[PDB]
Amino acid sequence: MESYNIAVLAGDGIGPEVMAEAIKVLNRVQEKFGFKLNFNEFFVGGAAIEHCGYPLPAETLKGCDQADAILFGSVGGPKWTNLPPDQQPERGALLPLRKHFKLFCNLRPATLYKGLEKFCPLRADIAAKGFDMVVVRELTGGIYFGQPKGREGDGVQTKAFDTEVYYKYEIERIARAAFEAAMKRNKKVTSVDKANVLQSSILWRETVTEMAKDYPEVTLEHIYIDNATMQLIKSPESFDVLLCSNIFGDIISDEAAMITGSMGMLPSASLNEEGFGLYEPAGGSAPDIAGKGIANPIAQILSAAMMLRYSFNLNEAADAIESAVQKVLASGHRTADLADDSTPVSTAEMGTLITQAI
């Protein structure tokens, strides 16, 4: 009789669309295995800018505080380009959210599904080898949050700046999260930095290496961010855990999403040291397809399939949604973003096919 409380935040763009299908798939999971979910929905992002007037209004932050997990869509859109930097949906809501709940550990699992190599935009012989990867991205530190940042001066000497700064304890905790995930997988961690140039990357590399002494079963490799970007295309199969800074993990996880077939595949979990977890798709609000019922809901759906995994240890419920996405796709069903030409289904139609595989 487990009754948990989710604070659903849909956001902007394809946010509200794919969020409906995530609920759809859940409700079947609820009455299928035996638990309740009490979905309380709030406004965040540019939506909260004309339904409250502020990207993260007090009410919204309050609902999260009271839930056992936040289900999240995405924010951002061209409508809010021209607000001040601090008051847009990205700096105004999402980055604050992450910092407020100290959600330092970002998990983005990217895998090529059995027999789905058609989706993969790589060459057939590369895609054949398949791949199964988890990006462990430091989420609350680094250049996205560092101080100082701002703009000063005038004219051609106007100067703008951001600070890629890390404190050792921030590196230690995300590194631990990486080695623990590796222990539960294939015992390989690839740490990605630019330690031949950046001072912060030198500290990253040294701390990760120190941390490795508490995990002698894990193989630790170090690679530079520019090389990482080739290796993902050339040998995606050689990766297990990808340990990354905030900005490098941002970059690398989209590349990984693409090689699995689309941005619409990659789910994500953002967890703090307590296990409290926000669950959003890795990608953004996709303005160019927002409002049209064409948008892969898999990433949003599988997110909740991670929420019941990590926030609530309900493995059978999570293994359900996951093998239900595998079966719909195994049957040749589909949204437009994925390769192969055959009448795509809408977001709704993908939501249903999957809710049915439940």
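From 1 onward, residues are counted along the sequence shown.
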When the Cα temperature factors in the entry are averaged, is it 106 to 114 or 186 to 194 that ends up higher? 106 to 114
Got a sec? Mean C-alpha B-factor, which is higher, 30 to 38 or 304 to 312? 30 to 38
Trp80, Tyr224, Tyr166, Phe179, ranked by C-alpha B-factor: the highest one: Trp80
Ranked against its chain, the third holding the CA B-factor of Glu138: lowest
With respect to C-alpha B-factor, does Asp288 fall in the lowest, middle or highest third of the chain as deposited? middle
Among the modelled residues of its chain, the C-alpha B-factor of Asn272 falls in the third labelled middle
Taking the chain's C-alpha temperature factors as the reference, tell me which third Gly76 falls into: lowest, middle or highest. middle
Place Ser200 in the lowest, middle or highest third of its chain's C-alpha B-factors, as listed in the PDB entry. lowest
